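Protein chains in written order, with full-length UniProt numbering: chain H, 1 to 399; chain C, 22 to 187, 208 to 345, 352 to 398, 402 to 418; chain Z, 22 to 187, 208 to 323, 325 to 398, 402 to 462, 464 to 486, 489 to 515, 524 to 541, 555 to 563, 567 to 573, 578 to 600, 603 to 621.
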């Protein structure tokens, strides 16, 4: 693993590391930079969300600015900030392992057009010349006709629809809300059947808030987004209806309970997941059993049909071999509490997914060449000298 | 320039058309001494790029509809893979240069008024290729015409196919499956794999690979209620053990080596096997169905501007005359079996009020 | 003991090495009673991983980078499958056994000192295979040397390549694309598919099955401004209609059948086709080189030279060598900057077009009936350029209207450049489309088309200048130039017509402008026509 730190927004379109691809099947195109195998960075804002949002639909605690990340200088600053964050993550063994798993964890490929994953058909080519005595018609080379016939679902398409580039993750800028890190999938159907799909990430590294007596390192937020994406890559996303109670709305004069998805709790770390996820397990659902069964089925398919086949490139085979080396329980047991200990990073640990109600955030501007290095915040997480952002006057407040 | 009646027409000029300025875009090869060089292509046909050239009156949709209405479809049927190869042996002491290009079928739509073509639209559909070779000593000057083509030309076939754009059976009641032969091909070159022109002293080959579970038969039923595709397929399996999946793993190829005197033109089509499933109640044929199963192709050798009319839709048989008739037990009735063999006498008690079958065997040969 | 100087070096012992004791690991095949056996392999993955044998001075990264920079890049080639196959025919009544092994390219990095080697790091790169065969009968005793190898050796010719570690173009102002030929290969065996040794009676084969469609085109421009990979690719698509650049589905295979009393060595390389994108103006101003992959090249050594001595040699300077036939195909191209206005109506005799600021522009037109036409603007100035579209008229056809085919390949017909005033006469066919380039905001200089009624047919396809010496952009040999004006000659580049104010006559003929002495005083406003016979200079002057 080596993060490419030799790219800039002015880099030429070489169609190998810097590309101009299409956003899904819409009419827009955007520029992407590859900083690692199957990992791309797109500084421009996310195409999905519309930049103009009616005041009715704006959410509490959000910052809206349709002019952010419009100039090239901001884009280059964002790209360099993302590369710096990735280098900081990879500077530690845990980060290197996580990034390697992300790169190798390609979505499972679909079978041949006819069906199955066993073997392709054969063809012959190159009939030899008619010898003096023997016709030599049958003396010819044998080829697997649909070599690498495995159909893939993780690819970005060029504007001409005549070229495709591999990609598992694509880190975009923030959408309509300037401060809202998010992770979205490419195909909902493939994120739950165990096949997996590519993930898109919206990240904002230029703003952070102060909790208690320390600042929040954006690397932790990026790691959280990557862990959430891991679920999409393995196609083990639970149904949106699998929620659990998270907090009792005491302030209300009614019996109302706030709910959180299982993935968010399992990933966000903190103390909340410790009461759930006990020995023995007091909370259970068919989701875990179905996921384990499908994972075992896919592993058996790979071991009995993929390894033997000699008519497909190793780029997919070796990655799939390493993808299934780990177990689903390892992913479920992976949370921010491990990286906090590994990186010695302080983060909110109680109800960190519902901090909007408890106290209002004040945002500070981060200059990355200066305030943040490959070793984290300059002068530490406590004594870093940052400046309050000028966007704090535009925070939406809907009680 | 045209003897047809006034109105709009659709014309096919046949395969073998080579475009201009596209000679060497696919690269070339160099051979030395006695080495033999083979160059060819093998496409899945999934990616198709027909070249359109429309007119105000003739738009893309108009051309596509009016063409696929008669000639071979190239949108959804452009899925069968294609493959071709050419091979040349260089002389003892010299060097050979070979360069390859694609060949296209040229379709046209024209509007004739007062016996003169006043509007023309063009469509080019990829079909096989063509290889040009030259033996050169170092420093030899080559005529530019061998490298650069400045006008489209017909190499293999010069044709003009136009269309106006406006017995007693002594059988018994019951099902029957008749294999009526092999080598069936649709008319108007709708199954044509293509034609190859091998220059003197060279060799050429046309290959027809097949993807698994990707074979399309042709089904025509006079009553979808009784003779459904599943029903006729099941009856075919019962009578002959016909299964579609086994025709997808096969592959065939035709090879021709031209002499040193003249060139050789080889034309290759896909073929079919015709199975007629019939019901022969009361002596007539109440229902009938035709099932055409992919065969291993058919080939012919030509030897190289009369206008011709597109023939009516139908099939032409190039294989030997054949008619194999096999009866099949009607699935509607039920079959019961008598385990014990009939020794010298038996009185089997009928086990319904509907027609049925009784299956038995004789424990000793003799007249019963 | 080397005879070079001190310091490190990069050495390439070449291809055709077989390791020791890895002889029969791949297995063998047995043939009998006139049968034929074909074995082979595809160097794709799990078998294309180089073997490193480093020394503390030279680590794996050092070796890899140093060899890849100078010699063939194997990391990229490790993903593109290449197949090889040996075929052998057994005799009528006997048995044959044939076994296969891999052949490796051997690279060494060394540290010479006082003419003595004191370090050696080795890299083995899998390249191809080698099949060893023997006809036998039961009970025969085979020499142990046939199966087992105790030390590595080079079955091919030994080598010790090393590298110490530290004319007149009569064109018109505009773009051009020159195809310089096929069969270009980089030096130092940098584009070598591999080498095969075929024993007597066998038949080798090297195939590129295009199992992966990727390719490695090479680009080299003299100015990144106004030129780029995308720009040159688009210009080529306009000129030669190239659709695929970094992709291909065409296979090339080479087969050689060695005789019954010798051994053969076939080398297979990847080839390239050279496209030069010049920007001639007045003197080349810019140049780009595009090397589009071709379908390979094959060389046949009848037999290795007898073992005499491994003569040391140094790597040639980075460059290209052409092995295919020499050619130079020139195709004009429309400059995208200039705008082109299409005329929706076909042009008849006596037509007028209103110029509709000082930038050059294009106009596309076609005639209604084949003939000779005279094009002259208001006041016979500014001078214009007339190009013919290549391949037009063999496609979409609408009577009495222009149905352009978007053909951007323009072949120069006739033109002149600046301030000189002149009018052109050109023969045009009904079908073909034509472009006119107009340079140069005063009153609109309407372009007037006149269908000459068999009057100026003598001055066919020429530009008449409305004019003591005078020079102007000369045309290519066998072309015509004309002037409307008692001595006249040519300066470096080596006729008389009487005008009736608008009939024409023949005053003089066979007037050799390369004479310097012209005393005619013909008893005839006159027209002097010169046909270039030897383009000895860029410009031709009439004095």
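Cβ coordinates follow ideal geometry from the N, Cα and C atoms, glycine included.
Taking a beta-carbon distance threshold of 8 Å, residue 108 of chain Z counts as an interface residue toward chain H.
Among the bridge pairs identified by DSSP, residue 214 of chain H is matched with H/211. The residue among Z/114, Z/467, Z/100 and Z/323 with its C-alpha nearest the C-alpha of residue 493 of chain Z is Z/467. Only those residues of the region 44-65 of chain Z whose C-beta falls short of 9 Å from the nearest C-beta of chain H are listed: 57, 59, 61, 63 and 65. DSSP places residue 73 of chain H inside the alpha helix (DSSP H), whose first and last residues are 72-90. Within the region 66-100 of chain C, no residue has its Cβ closer than 8 Å to any Cβ of chain H. At least one CB of chain Z lies nearer than 8 Å to the CB of residue 139 of chain H.
Using beta-carbon distances, residue 303 of chain C does not count as an interface residue toward chain Z, since no partner is under 8 Å.
Note on the region 107-186 of chain Z: whole beta strand (DSSP E) runs with a minimum of 3 residues are 116-134, 137-157 and 182-185, in chain order. When rounded, the separation of the alpha-carbon atoms in residue 244 of chain H and residue 84 of chain H is 36 Å. At a cut-off of 8 Å between beta carbons, residue 251 of chain C makes no contact with chain Z.
Between the C-alpha atoms of residue 252 of chain C and residue 290 of chain C there is a straight-line separation of about 7 Å. Residue 214 of chain Z and residue 230 of chain C have their C-alpha atoms roughly 50 Å apart. By a beta-carbon distance limit of 8 Å, residue 621 of chain Z contacts residue 558 of chain Z. Their separation comes to about 6 Å.
For residue 263 of chain H, no beta strand (DSSP E) encloses it; the enclosing alpha helix (DSSP H) starts and ends at 262-268. In this structure, residue 336 of chain H lies near residue 223 of chain H, with their beta-carbon atoms less than 8 Å apart. Of the residues H/323, H/332 and H/6, the one whose Cα lies closest to the Cα of residue 196 of chain H is H/323. Look at the region 290-319 of chain Z: the residues with a C-beta under 7 Å from a C-beta of chain H are 292, 294 and 296. Here the C-alpha atom of residue 342 of chain C lies approximately 10 Å from the C-alpha atom of residue 238 of chain C.
When the beta-carbon positions are compared, residue 420 of chain Z and residue 385 of chain Z stay at least 8 Å from each other. Within chain C, 65 and 252 have C-beta atoms less than 8 Å from the C-beta of residue 146 of chain H, given in sequence order. For residue 348 of chain H, no CB of chain C lies under 8 Å from its own CB, so it is not counted at the interface with that chain.
DSSP places residue 171 of chain H in the uninterrupted beta strand (DSSP E) bounded by 169-172. Secondary structure of residue 309 of chain C (DSSP, three-state): strand.
By DSSP's assignment, residue 38 of chain Z forms a beta bridge with Z/125 and Z/175. Spatial neighbours of residue 121 of chain H in its own chain (CB-CB distance under 8 Å, excluding positions within 5 residues in sequence) are listed in chain order as 144, 145 and 146. With a cut-off of 8 Å on Cβ pairs, the region 158-167 of chain C is not in contact with the region 81-92 of chain C, counting fewer than three such pairs. Setting aside the 5 residues that flank it on each side, residue 140 of chain H is surrounded in the same chain by 124, 125, 126, 127 and 128, each with a C-beta closer than 8 Å to its C-beta; the list follows chain order.
Taking CB atoms only, residue 128 of chain H has a neighbour in chain Z less than 8 Å away. Each residue's CA atom was taken as its position, placing residue 37 of chain Z and residue 294 of chain Z some 20 Å apart.
Within its own chain, the residues whose Cβ lies closer than 8 Å to the Cβ of residue 362 of chain C, once the five positions on either side in sequence are excluded, are 225, 226, 227, 228, 313, 315 and 333, listed in chain order. Boundaries of the alpha helix (DSSP H) around residue 96 of chain Z: 95-98.
If you draw a straight line from the Cα of residue 117 of chain Z to the Cα of residue 63 of chain Z, it is about 24 Å long.
Here the region 427-445 of chain Z makes contact with the region 464-483 of chain Z; the two share three or more CB pairs at distances below 8 Å. Bounds of the beta strand (DSSP E) holding residue 456 of chain Z are 455-460. Spatial neighbours of residue 298 of chain Z in its own chain (CB-CB distance under 7 Å, excluding positions within 5 residues in sequence) are listed in chain order as 244.
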